[PDB]
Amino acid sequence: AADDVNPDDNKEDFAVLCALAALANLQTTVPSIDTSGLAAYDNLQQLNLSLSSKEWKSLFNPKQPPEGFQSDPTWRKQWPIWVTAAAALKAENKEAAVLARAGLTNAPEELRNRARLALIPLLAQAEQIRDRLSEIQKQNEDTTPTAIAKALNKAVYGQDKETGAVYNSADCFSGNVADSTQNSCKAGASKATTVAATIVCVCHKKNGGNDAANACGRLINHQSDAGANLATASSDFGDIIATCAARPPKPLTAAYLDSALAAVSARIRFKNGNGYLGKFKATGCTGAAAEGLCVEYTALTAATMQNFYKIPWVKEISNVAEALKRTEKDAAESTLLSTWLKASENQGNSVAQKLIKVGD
């Protein structure tokens, strides 16, 4: 009976599925956009406004530009930035601190003016950098530990929640289990749409004899069974998953997720017009040792493999990986954008010293 499903015959598939199941209820840090450069730029905007004329300061003391400028594209773009700067400068002692940092406390009017003009090219250089950093911030604002946890819990357990996801056939199988195990253990009337459903299909001990208990590992203590046609799969899944200790690397990376999906894709085997994960002998993935303990990717072929990536759990993990791929790069970019903007802030605080000494 070497060709039947025997104990340990699905053990290597199970190791990969255990790694995927450990993405449930995940608490990971995500690469963060370093937004300290936005504050550095705001400080430059505050210095610029402090040094401005009484006529200019009067425009802010709101909501949109004054008559004559409501349609000027530069005023439309800058209005919220200027308003934020004016609001910050109303705070007790804020303007005095801004001027002190710039060496402009008690500065003569001619020095204040020359200093403001000296900031023109500096602010023009910094504007481009700050706008890119703001774009990065917005483009990655949905890449958070909470959104990732929810997406991965959808992948593993079919439950759109950040924590407390647990096995429930009503969620792990799309629409709950089917009339028969063979029909439940199909994906691509798709049913086995989560990692947990995949583990049930590849590992469960059916009731009624002729089962393939311990296919996923001899150390599983199947204390019960999955019932007939997976009717009580939850009890058996608990015993199977109790053997899984996997932990993903932290912080979670796109590369790790991509490697997990690639590994699965490299294990699916095509026979007679379908794909299979888990040992398949004959008839269907019914849970009987002489038939199969498997997911049938119905109609999946090498050439239609793109459809594997549309199965819900695969799509959810792919979406997380795509988001992390972007945020990893944008986070590394943001470190430098913010360092540059802090340097521009320091530069702006130095112009007065040059101007004083040039005048003297």
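When you see a residue number, it is the position in the sequence shown, counting from 1.
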Check the entry and tell me how many residues of the deposited sequence have no coordinates between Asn61 and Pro62: none, 1 to 3, 4 to 9, or 10 or more.
-> 4 to 9
Residues of the deposited chain absent from the coordinates between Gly188 and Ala189 total 1 to 3
On mean C-alpha B-factor from the PDB entry, just flag whether 76-84 or 102-110 is the higher one.
-> 102-110
Between the two ranges 86-94 and 151-159, the one averaging a larger CA B factor in the entry | 86-94
Entry record, C-alpha B-factors for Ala302, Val320, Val295, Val314; the maximum is at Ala302
Highest Cα B-factor in the deposition, which of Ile268, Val177, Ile136, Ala215?
-> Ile136
Classify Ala245 as lowest, middle or highest third according to the C-alpha B-factor given in the PDB entry, relative to its own chain.
-> highest
Quick tally, chain-level thirds of C-alpha B-factors: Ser36 sits in the middle
What third of its chain, lowest, middle or highest, does the C-alpha temperature factor of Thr283 fall into?
-> highest
For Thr28, the third of its chain by CA B-factor is the highest
Could you look up the Cα B-factor of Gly227 in the entry and say which third of the chain it sits in: lowest, middle or highest?
-> middle
